[PDB]
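Chains as they are written, first to last, in the deposited numbering: chain A, 489 to 490, 496 to 521, 526 to 559, 564 to 608, 611 to 801; chain L, 77 to 83, 90 to 97, 102 to 113, 120 to 130, 147 to 157, 163 to 194, 203 to 291, 295 to 331, 334 to 359, 370 to 427, 437 to 488; chain P, 802 to 882, 891 to 906, 914 to 1193, 1201 to 1254; chain W, 1115 to 1193, 1201 to 1254; chain Z, 1010 to 1062; chain U, 802 to 853.
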Amino acid sequence: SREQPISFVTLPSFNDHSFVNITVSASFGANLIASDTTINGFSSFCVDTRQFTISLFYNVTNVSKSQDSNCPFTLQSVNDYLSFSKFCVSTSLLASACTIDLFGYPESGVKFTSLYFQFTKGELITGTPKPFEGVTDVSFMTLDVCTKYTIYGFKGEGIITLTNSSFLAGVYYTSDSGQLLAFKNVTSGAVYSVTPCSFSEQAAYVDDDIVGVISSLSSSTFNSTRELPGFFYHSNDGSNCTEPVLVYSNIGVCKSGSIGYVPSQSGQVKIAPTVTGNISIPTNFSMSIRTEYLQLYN
Amino acid sequence: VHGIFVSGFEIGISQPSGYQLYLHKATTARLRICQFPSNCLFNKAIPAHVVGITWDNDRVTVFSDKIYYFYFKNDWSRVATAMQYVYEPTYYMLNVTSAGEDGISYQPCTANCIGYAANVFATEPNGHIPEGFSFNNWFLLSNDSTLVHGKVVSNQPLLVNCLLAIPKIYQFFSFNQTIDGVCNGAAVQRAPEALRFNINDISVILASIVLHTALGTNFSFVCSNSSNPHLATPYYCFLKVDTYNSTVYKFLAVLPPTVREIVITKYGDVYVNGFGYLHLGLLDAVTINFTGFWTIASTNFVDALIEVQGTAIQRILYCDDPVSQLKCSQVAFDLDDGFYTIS
Amino acid sequence: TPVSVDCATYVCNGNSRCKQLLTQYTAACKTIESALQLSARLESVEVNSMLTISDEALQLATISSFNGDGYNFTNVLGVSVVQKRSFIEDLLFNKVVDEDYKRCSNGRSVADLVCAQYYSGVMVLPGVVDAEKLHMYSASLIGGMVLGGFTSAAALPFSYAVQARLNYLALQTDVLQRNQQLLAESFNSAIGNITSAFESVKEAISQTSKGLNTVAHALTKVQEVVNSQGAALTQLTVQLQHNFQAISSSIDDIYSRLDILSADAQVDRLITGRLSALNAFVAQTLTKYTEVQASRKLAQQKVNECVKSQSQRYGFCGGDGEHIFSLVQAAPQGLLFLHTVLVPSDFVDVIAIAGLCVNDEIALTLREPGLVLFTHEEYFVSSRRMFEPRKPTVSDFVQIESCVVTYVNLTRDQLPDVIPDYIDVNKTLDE
Amino acid sequence: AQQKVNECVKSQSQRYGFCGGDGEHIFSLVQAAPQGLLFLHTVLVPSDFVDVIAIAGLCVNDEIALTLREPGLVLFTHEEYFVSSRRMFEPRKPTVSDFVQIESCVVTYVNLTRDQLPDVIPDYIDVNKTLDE
Amino acid sequence: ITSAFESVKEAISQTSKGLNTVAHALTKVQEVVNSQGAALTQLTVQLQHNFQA
Amino acid sequence: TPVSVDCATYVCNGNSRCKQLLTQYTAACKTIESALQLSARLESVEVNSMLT
Ligand SMILES: *[C@@H]1O[C@H](CO)[C@@H](O[C@@H]2O[C@H](CO)[C@@H](O[C@@H]3O[C@H](CO[C@H]4O[C@H](CO[C@H]5O[C@H](CO)[C@@H](O)[C@H](O)[C@@H]5O)[C@@H](O)[C@H](O)[C@@H]4O[C@@H]4O[C@H](CO)[C@@H](O)[C@H](O)[C@H]4NC(C)=O)[C@@H](O)[C@H](O[C@H]4O[C@H](CO)[C@@H](O)[C@H](O)[C@@H]4O[C@H]4O[C@H](CO)[C@@H](O)[C@H](O)[C@@H]4O)[C@@H]3O)[C@H](O)[C@H]2NC(C)=O)[C@H](O)[C@H]1NC(C)=O
Ligand SMILES: *[C@@H]1O[C@H](CO)[C@@H](O[C@@H]2O[C@H](CO)[C@@H](O[C@@H]3O[C@H](CO)[C@@H](O)[C@H](O)[C@@H]3O)[C@H](O)[C@H]2NC(C)=O)[C@H](O)[C@H]1NC(C)=O
Ligand SMILES: *[C@@H]1O[C@H](CO)[C@@H](O[C@@H]2O[C@H](CO)[C@@H](O)[C@H](O)[C@H]2NC(C)=O)[C@H](O)[C@H]1NC(C)=O
Ligand SMILES: *[C@@H]1O[C@H](CO)[C@@H](O[C@@H]2O[C@H](CO)[C@@H](O)[C@H](O)[C@H]2NC(C)=O)[C@H](O)[C@H]1NC(C)=O
Ligand SMILES: *[C@@H]1O[C@H](CO)[C@@H](O[C@@H]2O[C@H](CO)[C@@H](O)[C@H](O)[C@H]2NC(C)=O)[C@H](O)[C@H]1NC(C)=O
Ligand SMILES: *[C@@H]1O[C@H](CO)[C@@H](O[C@@H]2O[C@H](CO)[C@@H](O)[C@H](O)[C@H]2NC(C)=O)[C@H](O)[C@H]1NC(C)=O
Ligand SMILES: *[C@@H]1O[C@H](CO)[C@@H](O[C@@H]2O[C@H](CO)[C@@H](O)[C@H](O)[C@H]2NC(C)=O)[C@H](O)[C@H]1NC(C)=O
Ligand SMILES: *[C@@H]1O[C@H](CO)[C@@H](O[C@@H]2O[C@H](CO)[C@@H](O)[C@H](O)[C@H]2NC(C)=O)[C@H](O)[C@H]1NC(C)=O
Ligand SMILES: *[C@@H]1O[C@H](CO)[C@@H](O[C@@H]2O[C@H](CO)[C@@H](O)[C@H](O)[C@H]2NC(C)=O)[C@H](O)[C@H]1NC(C)=O
Ligand SMILES: *[C@@H]1O[C@H](CO)[C@@H](O[C@@H]2O[C@H](CO)[C@@H](O)[C@H](O)[C@H]2NC(C)=O)[C@H](O)[C@H]1NC(C)=O
Ligand SMILES: *[C@@H]1O[C@H](CO)[C@@H](O[C@@H]2O[C@H](CO)[C@@H](O)[C@H](O)[C@H]2NC(C)=O)[C@H](O)[C@H]1NC(C)=O
Ligand SMILES: *[C@@H]1O[C@H](CO)[C@@H](O[C@@H]2O[C@H](CO)[C@@H](O)[C@H](O)[C@H]2NC(C)=O)[C@H](O)[C@H]1NC(C)=O
Ligand SMILES: CCCCCC/C=C\CCCCCCCC(=O)O
Ligand SMILES: CCCCCC/C=C\CCCCCCCC(=O)O
Ligand SMILES: *[C@@H]1O[C@H](CO)[C@@H](O)[C@H](O)[C@H]1NC(C)=O
Ligand SMILES: *[C@@H]1O[C@H](CO)[C@@H](O)[C@H](O)[C@H]1NC(C)=O
Ligand SMILES: *[C@@H]1O[C@H](CO)[C@@H](O)[C@H](O)[C@H]1NC(C)=O
Ligand SMILES: *[C@@H]1O[C@H](CO)[C@@H](O)[C@H](O)[C@H]1NC(C)=O
Ligand SMILES: *[C@@H]1O[C@H](CO)[C@@H](O)[C@H](O)[C@H]1NC(C)=O
Ligand SMILES: *[C@@H]1O[C@H](CO)[C@@H](O)[C@H](O)[C@H]1NC(C)=O
């Protein structure tokens, strides 16, 4: 089936934001004369606030710039609501850390700096794109519409609706496939249910066109919709189907797209042997030829 | 009649698609919980000589010598066969010091009877939580996700060394030694791997919990409602990180309206309502200080088979006994007749 | 029950960049989907083509239209009320056991397993045959046993249907019609034992009793067929969890964390892994359809040979006994057959006569190899299958040119006391 | 396929429904096909039925019960007494060699006398009457 | 039958394309032939695969 | 001839830490063992039932 609103859910928090200002100073192209990279003035910095933003600034005299990243995230993507339980950045080597290499091409390129990222996963620290202002509750979402979301670390698109279910444990619930199915709003206790923005459906193709659609949605571009037990059927013909073209089980679809049920197939009546009374004896026989194919070899 | 007791004789309990119960004895009973007209969930003989069956919610309890617990979504309203037909529950406080039939008392229960009964149990000699316990505020501890429904075999801090009922602290709980206090029922002389706190009224603590790390940093939970002399620049909780040369306050969370359980492990994981919210470094001890809990228990991590319904815990089987170890491997509380592979 | 899987949704679950990458593998998706759509179409055609229904016969299978006589059939026949399942059919379906997808698009509830599989692109189709159609089919086959002809006032009394079947095994000479009552009573006991076997068989069943062609065996088989039905669906679904050497198992995760080209590279790893999972699913699914077709072909042979007709193949219907008639009941995913077979309780010990010789001129033997001449229990003939004696007649014997040492030495004046209808015409004419 | 050739092509199957399905088998033809064989099964299908009343058997003068020897042959009076295979309405009059004697009569047998027998079974001869008269 | 083998699809009903019919048998023959090389191409395509080299 | 395989021994050959890790996959082991134990039981019943 067939500009998304952005939704974002974390464990409840208020605006608590700090910046990680990474400044790369350099002068050249005859390579470098000098360079120096600092993070908030310091040689290293760790985040101690619930939200943070990384902002990379260049102060380079002569230059094209780019990054080579061995991390799960880039310096720009780290600010798209990714969540961590711990997060430290250093120009020095940290144990168990990934590296982002910052290069310049001055017009004979050079490496300006190596940023080492030491982190662990969880909900406490979130790389939001900016500070929040006038915000008592950082989390937000738009309901009953297709939205792009980041919920408790899960990203994707879907429709978030409110359910009447209630659970006493944890924060979120998932499928066997690892997808988010539902999540809890910790402050209110409400549980929300998340569905895909599009669904699989079966189309009836006859001749050269789509004659109708069997689906889970009541909304389509067809002008006639019927509700069948277990599915909806879209067509441009809502009448009884008497001459099916496509058949599955007892469901038949006519070339006009009308849909109806296919009656049980009748067949040959055989007569029971009888010792006494009213019986019928077959006559006026004619030949009929049946066709069967059996494979003999491969 | 929720409860029917008796002092051939028979008991018949009914609502047709589900199970209905029949029991018959004469002066051992045959108990049959089956899809009776006008197969079986249970069909066996039970020792017998009062005798009675009580059913509420989705549990049926059979009282005939050993108390048997059957877990099933039953729907019963009337019962047919001196007899006692019981439609209203009661409560008794039992004082057992004697470890035999000569219980000291069955005193009428006068206060907080529902809560006490739901949260307080005596520990068995092997550290097991006795069958029939409701696990009212007990949660499975999961860092991510929640098992809403199904049967799981998992390693959880469910083995009880010591349970302190209705504690009064006015106490240092070490992870290297046993916990001081008077244990309810059996006790095991082992240090905890985890401390499980079953909360009655959180305002008692909000009105002190300190995690003492291995390297000497003291982590204190500080919560406040509309008062922030040192916190500024509904309760909000901050983690005071107190080291020898520095004290800072890290904001952790807005306090959830209801907190039923907090579990603090030796490895530092802190779980509130089963979500593994904060992981710290290794802990040596937890200090509790207040003038609030139903229970505090010292537990250890064991493999167990847990049935989960609506995220709630029921029917925990411990994988210690060889029979139980087989049941854990087949992920089933009941295993049919057959040959099974064991080592 | 057929399954159909949307390749793109399974592999690229709504991510449009992923779908653009997937395009280079479109042929794989076409192959996967074609195999599942065509196989489902074929199963639909063959099952519905096979299960035809006779209206003349269906009408004779109700409690009131089926004129059982002695023989009970209450727990076999359907229930007029619109018509419902028979008692035995109801026990089997309730003991062991189409999806609604209109709800999966609503949100409002937390998705269950079916909706979660649906969201992933896996659709479980409606059954090719409804349970009510299996019921009407079975009712037609039973009602047909009493369809002795058309336009008649009433269904053939069941006992006449039985007497005709008995005559085919052996001509009956005991025509007192008491034997029909005795057989009806054993029939009714057998139905009662089956009906009861379906209700807590495990309370007292021996190794002999739970073996082949028994209720416990057949019932166990029905449960295994039903219990394993979703086994492949959950392997396909679980594999979506798998991280095929990427930052995340989630495509949206990868594109939202890495730059586009690095993300492309990892999404392609996930695509290959997901296409592999689909191919494994299809291979398992197609294999299962083949096994079921083999069972379906046998079921069709059993209906045509054990239900609509009386098999002459020893051991085919029921096994180890003489077949009279079989009944069919609807069952989860198929049909259950009740084979009514005669078993002897006693044997009559007689001495067989190879043949007769008359006055050293004529050797007389029986024409039919299945008929035996004997003197114990006067000369009589009976089918070798049942001790149903009658005296021999002239039309029973043929002339053989030579005698053997095993033939009885008779004269012409004794012949008439061996074969009562034998006439020596010359003596009657001369004397 | 081998069973079909041996049973439907080289011989006439007695198994209802094996060859063709739902009808009376006469003969089958085989044609070559890609990777195997295609069978053409020629089967008879009735167009009409003849409605008759079946006779369970005859009794003669309360002494002899006469029934047909072959279970697949049916005695009837509609469409004079005739016999035909239950499979096809191909009547002929019955003969002596069609019947056997049964010790007992039932309520469903026709009550005949010896002077009527010959008009039921044309080849029946009462030898004593021919000899005495 | 002879005619059924030549454009059966122009006017064939659900009853007529079921078991023991020309359309069914003919469809089966095509499926047997069309799938004949299906395994050969999986074996051949896998030669393309780079097993971490 | 039927075969039966001890899932834990095959996967974790006596190592107790491995078995603790294996526990999260207990359902896989139950599935593997059940299929082999039940299939062996069925072949035993049908062959011995048939060969009277
Ligand atoms: C949410 O995520 C959390 C984070 O992953 C999960 O936390 C994990 O939980 C499990 C289960 O409890 C922990 O497993 C346990 O690990 C214990 C020790 O591991 C540290 O120390 C080891 C060195 O000493 C141990 O091992 C040696 C042999 O190597 C033995 O000789 C010693 O006696 C001792 O047992 C070391 O090898 C490990 O690498 C590890 O080091 C730590 O690494 C982290 C990484 O950053 C580092 O930060 C730490 O500082 C570092 N530690 C140090 C000291 O430097 C281990 O002892 C446990 O085995 C015992 O206990 C378990 C039950 O918990 C029993 O099953 C065992 O049989 C054994 O029992 C013994 O001790 C019991 C304790 O009282 C006692 O009662 C018994 O009688 C018996 O004597 C166990 O394997 C895991 O450590 C932990 N993760 C981390 C990294 O902390 C949560 O589970 C998860 N929550 C959920 C469920 O959702
Ligand atoms: C999870 O549920 C909670 C609780 O309902 C939601 O928080 C609620 O958010 C609304 C909208 O911002 C708040 O209303 C506001 O009140 C302030 C005054 O306090 C007013 O100035 C604003 O104009 C607005 O009306 C409401 O106070 C707040 N409730 C509580 C107790 O937190 C929350 O929005 C939900 N989570 C997400 C994803 O937003
Ligand atoms: C990092 O850079 C940010 C800019 O993104 C600095 O924040 C600015 O601070 C100046 C101080 O006069 C204000 O005028 C701006 O309004 C601020 N901008 C924003 C977007 O906040 C911040 O000072 C730097 N942080 C550190 C730690 O050096
Ligand atoms: C860009 O880098 C230059 C150095 O190349 C910085 O200039 C220095 O500023 C520091 C701090 O005030 C002084 O101590 C040095 O004397 C300056 N060096 C020079 C070359 O004059 C400059 O501050 C940087 N600009 C930004 C945007 O930070
Ligand atoms: C849906 O739209 C179709 C057109 O695509 C409608 O069919 C037309 O009906 C009008 C009625 O006045 C006729 O005049 C036209 O000749 C029809 N067009 C076609 C397809 O030939 C159809 O009526 C609509 N479906 C429903 C719900 O009726
Ligand atoms: C398809 O045909 C069915 C059968 O006639 C229609 O169902 C009937 O709907 C009428 C409405 O006037 C009812 O009175 C009957 O009781 C229904 N019959 C039954 C039992 O199905 C159906 O309306 C037709 N579908 C469409 C939309 O054309
Ligand atoms: C963390 O708290 C503990 C417990 O109070 C402190 O340990 C105490 O240290 C004082 C120092 O005068 C001793 O008198 C007590 O005997 C100690 N008590 C215990 C039980 O150890 C410890 O100093 C604190 N750590 C920090 C960072 O201040
Ligand atoms: C034929 O079978 C029916 C059905 O089992 C028998 O009717 C049952 O009779 C019993 C007598 O105890 C009743 O309890 C059941 O309620 C009846 N069932 C139904 C549905 O009728 C009947 O007895 C049998 N008759 C013969 C002649 O055996
Ligand atoms: C077939 O059954 C008949 C009837 O039951 C058996 O005849 C019985 O024989 C026993 C021998 O102990 C006598 O006690 C009964 O009185 C007989 N019953 C009657 C009234 O006939 C007969 O034995 C069986 N046939 C064979 C071959 O044994
Ligand atoms: C029935 O007649 C046969 C044929 O004459 C007898 O068998 C013969 O017995 C004599 C005895 O001297 C032999 O010489 C012949 O060789 C035998 N002939 C055959 C056919 O082998 C037989 O003895 C007679 N049986 C009875 C019961 O009287
Ligand atoms: C078998 O076929 C014959 C021959 O067609 C049928 O006899 C015909 O009966 C119809 C009745 O409407 C007459 O109109 C024709 O004149 C008859 N044809 C002739 C010349 O016989 C006969 O009806 C069929 N048999 C049965 C049992 O109906
Ligand atoms: C044919 O003869 C039989 C046998 O005599 C008749 O059936 C008998 O009818 C009388 C009427 O009083 C009953 O007393 C007997 O019990 C019956 N005997 C049997 C065998 O049940 C029958 O009526 C005669 N039928 C015709 C067509 O005349
Ligand atoms: C005295 C401090 C005890 C209470 C500490 C509260 C801990 C943080 C509160 C937020 C918890 C959010 C994650 C778990 C909440 C939940 O699952 O309902
Ligand atoms: C060391 C063990 C040797 C194994 C010998 C096996 C002999 C007995 C068979 C036990 C397994 C039978 C398969 C399961 C049958 C059942 O479920 O009843
Ligand atoms: C409440 O949620 C349950 C979940 O199963 C659902 O079945 C029911 O329809 C819901 N009730 C309401 C209020 O709609
Ligand atoms: C139970 O009796 C014991 C005596 O051993 C006593 O110490 C304790 O206070 C009593 N507990 C209650 C329930 O009062
Ligand atoms: C306390 O921990 C130390 C660590 O070495 C250990 O040696 C000692 O046995 C522990 N004390 C107790 C009471 O177990
Ligand atoms: C039975 O046969 C008779 C005579 O052939 C006929 O009159 C009747 O209509 C037939 N059907 C019935 C009503 O039994
Ligand atoms: C009876 O006479 C006929 C006259 O043709 C003769 O053929 C036959 O052999 C004789 N039968 C006997 C018993 O001799
Ligand atoms: C005719 O006479 C013969 C002479 O043996 C006798 O056996 C037979 O019973 C008689 N038949 C009739 C019709 O009485």
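We treat Cβ as the ideally placed atom computed from N, Cα and C, and that holds for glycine.
Interface residues of chain W facing residue i [CB-CB closer than 7 Å]
i, result
"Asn1029(Z)", "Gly1134, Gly1135"
"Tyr935(P)", "Going along chain W, no residue has its Cβ under 7 Å from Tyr935(P), so there is no contact; the nearest lies around 42 Å."
Neighbouring residues, chain A, relative to residue i (Cβ below 7 Å)
i, result
"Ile1010(Z)", "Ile792, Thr794"
Min CB distance residue i to chain P below 8 Å
i, result
"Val846(U)", "yes"
"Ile1223(W)", "yes"
Residue i CB to nearest heavy atom of ligand 3 below 7 Å
i, result
"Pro632(A)", "no"
Listed by chain order, chain Z residues near residue i by CB distance under 7 Å
i, result
"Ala1147(W)", "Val1038"
Chain P residues whose Cβ lies nearer than 9 Å to that of residue i
i, result
"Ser850(U)", "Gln1023, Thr1024, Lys1026, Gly1027, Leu1028, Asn1029, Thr1030, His1033"
CB contact check: residue i to chain L, cutoff 8 Å
i, result
"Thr690(A)", "yes"
"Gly661(A)", "no"
Residue i at chain A interface by Cβ criterion, 8 Å
i, result
"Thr1229(W)", "yes"
Below-8 Å beta-carbon distance, residue i vs any chain U residue
i, result
"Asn264(L)", "no"
Residues from the region 782 to 796 of chain A in contact with chain Z, defined by Cβ distance under 8 Å: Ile792, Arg793, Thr794, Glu795, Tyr796
Contact residues within the region 1149 to 1168 of chain W, judged by C-beta distance below 8 Å to chain Z: Cβ contacts with chain Z come from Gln1149, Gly1150, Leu1152, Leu1154, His1155.
Near-chain A residues of the region 455 to 485 of chain L - C-beta to any C-beta below 8 Å: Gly455, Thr456, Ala457
At least 3 beta-carbon pairs within less than 8 Å: the region 448 to 468 of chain L vs the region 273 to 285 of chain L: yes
Validate contact between the region 299 to 317 of chain L and the region 470 to 482 of chain L using beta carbons, cut 8 Å, 3 pairs: No, they do not touch.
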